[PDB]
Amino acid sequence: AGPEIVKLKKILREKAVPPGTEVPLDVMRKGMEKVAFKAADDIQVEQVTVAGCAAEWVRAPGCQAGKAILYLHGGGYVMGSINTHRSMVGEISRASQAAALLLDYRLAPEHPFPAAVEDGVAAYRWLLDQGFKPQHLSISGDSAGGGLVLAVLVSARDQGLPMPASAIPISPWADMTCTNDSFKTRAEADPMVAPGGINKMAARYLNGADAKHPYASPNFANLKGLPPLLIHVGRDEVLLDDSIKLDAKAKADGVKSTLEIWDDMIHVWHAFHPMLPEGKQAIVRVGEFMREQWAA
């Protein structure tokens, strides 16, 4: 365990709201906005609207034209924005030498499931209509967003849309039931995800829907036909099992899956690239995989 992660964890426990205090939604939304890292200043951005949603093209230096990433931000389906994730995605644009489409998709409780999936699907269609070829596209996302990646692939496949070349769920939340062993097993090492907190998110997102609906919980979906997967998860997360079981569902279903559990790492440790060498290296690796998959 590197000095940085030990140090990062301490800072995160030191900053945390105590277990089971109820922070109002707009207070968590604002809080996530003010603590967001600034994107590197060589990251260029262009505002666009896509299927009725604000979005940014986020382009590091080195981007190949013709290539793109549909990116789906985490935030539990209830928070997050172009602004919270502009930084990390900037770096995924850097490492993959592809511009990223960063979608500000509809959030719960104002727009419950399946609103975010419709937005992801429509943003994918949009990319195909701009004339990006499927073989030149990738879909990536973190946390809730990594679940959405899968839900988007499934829903798009059901609708006859072709699959993109690769998909990269980062710390995906792929099972709304939150029943997995790692909610107990990895709970002390996870400075990052309380439940009750994660359960309220689900409740606000599903708003009465089946928690085992394939598009809400793709760990229950039929994954057959999806393109190659890189799944990143941290060993020190409450969501370990979502990612182990995802990789198993995918393998069972015919999908080329590569799951990497990065020891000592926390939820979306990528987001902490500025101060965390592993955050940086994991991002380099998402980039490398998108590019391997495109060179194939």
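Numbering starts at 1 and follows the sequence shown.
- Coverage remark for residue 128: present in the model in all other entries compared whose chains are built on both sides, leaving no third without it.
- For residue 195, the fraction of other compared entries lacking coordinates, among those that model flanking residues, reaches at least a third.
- In this entry, 190 to 198 has the higher mean Cα B-factor, the comparison being between 190 to 198 and 79 to 87.
- Stretches 179 to 187 and 144 to 152 differ in mean CA B factor, with 179 to 187 having the higher one.
- Across the options 260, 41, 56, 241, the residue with the most elevated CA B-factor in the record is 41.
- The residue among 70, 32, 271, 248 whose C-alpha atom has the highest B-factor in the PDB entry is 32.
- The deposited CA B-factor of residue 157 belongs to the lowest third of values across its chain.
- Among the modelled residues of the chain, residue 66 sits in the highest third by CA temperature factor in this PDB entry.
- Among the modelled residues of the chain, residue 129 sits in the highest third by CA temperature factor in this PDB entry.
- Per-chain ranking of the deposited C-alpha B factor places residue 51 in the middle third.
- The entry lists a Cα temperature factor for residue 96 that places it in the middle third of the chain's modelled residues.
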